[PDB]
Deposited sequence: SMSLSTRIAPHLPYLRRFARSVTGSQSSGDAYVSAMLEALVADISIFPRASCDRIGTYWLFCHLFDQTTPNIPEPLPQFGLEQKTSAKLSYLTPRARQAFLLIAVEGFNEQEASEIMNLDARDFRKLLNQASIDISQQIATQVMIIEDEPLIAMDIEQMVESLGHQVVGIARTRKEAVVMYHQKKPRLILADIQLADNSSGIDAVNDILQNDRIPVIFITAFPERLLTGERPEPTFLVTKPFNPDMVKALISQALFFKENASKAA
């Protein structure tokens, strides 16, 4: 109940999502989460005893790896927007996580909003069979300034549409009509093509165990524009730095 592991274990799945979103890969993101657990073993008292379990876990993760530091991979401004838009913390929770005053944290969100607005708009292909979901994500992507080149509903459509339209980013549901894997479909479609993919699921924790190959970016349905905006922004940032 008070057991230190039981306070931390339920929050590791979502912490890997934050780690993957900040590092750019499962291998790098999951590695930081494991290193955090090793750090806690060396000195168990580094965990905050009066914080809420989830806030203490994220605070510790940022405390160990951000004063290769996290800021070298994703600037703190964009980390601040990730904590709100993806990890679901409020402004004070995230400020406590990043150990900052409200004035310094609000300045980070504005800088993050500036950096994203300077990003070049991309062409997005959506793989989604449910119309209400495809309608929603298509409207959100275009509202953020990006272009939706097509919506594939089945794997067969997606193979045709991908080679026909050659998108620069893919938003794909993990499950399709016949319970077929959207993850397998994207993998078969891309082959060695290095195209950023963001997967949509109602249960992201199932792909955040760290026990097997898992996606880097997970949009949670029900989603909201901030979540999609941040994850698209991060996918484009890592792709740009890799190409340059």
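Residues of the deposited sequence lacking C-alpha coordinates, numbered from 1, fall in the stretches 68 to 86, 264 to 265.
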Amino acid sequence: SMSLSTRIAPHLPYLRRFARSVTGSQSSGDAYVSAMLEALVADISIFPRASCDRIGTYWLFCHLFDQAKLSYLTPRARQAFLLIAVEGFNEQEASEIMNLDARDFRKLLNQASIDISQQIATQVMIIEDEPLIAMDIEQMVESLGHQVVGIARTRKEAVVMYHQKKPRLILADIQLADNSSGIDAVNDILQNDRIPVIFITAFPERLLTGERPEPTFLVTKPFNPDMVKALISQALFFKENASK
From here on, numbers count along this sequence of modelled residues.
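Just going by the entry, 175 to 183 versus 213 to 221 on mean CA temperature factor gives the higher value to 175 to 183. Averaged over Cα atoms, the B-factor as recorded in the entry is higher for 95 to 103 than for the other of 77 to 85 and 95 to 103. Note on 191, 201, 26, 57: the highest value goes to 191, judged by CA B factor as recorded. Per the deposited record, 111 carries the highest C-alpha B-factor of all listed residues (139, 111, 123, 164). Among the modelled residues of its chain, residue 30 has a C-alpha B-factor that falls in the lowest third, as given in the PDB entry. Per the deposited record, the Cα B-factor of residue 135 falls in the middle third when ranked against the other modelled residues of its chain. The deposited CA B-factor of residue 115 belongs to the highest third of values across its chain.
Ranked against the other modelled residues of its chain, the C-alpha B-factor of residue 149 as given in the entry falls in the middle third. Residue 66: CA B factor in the highest third of modelled residues in this chain (values from the PDB entry).
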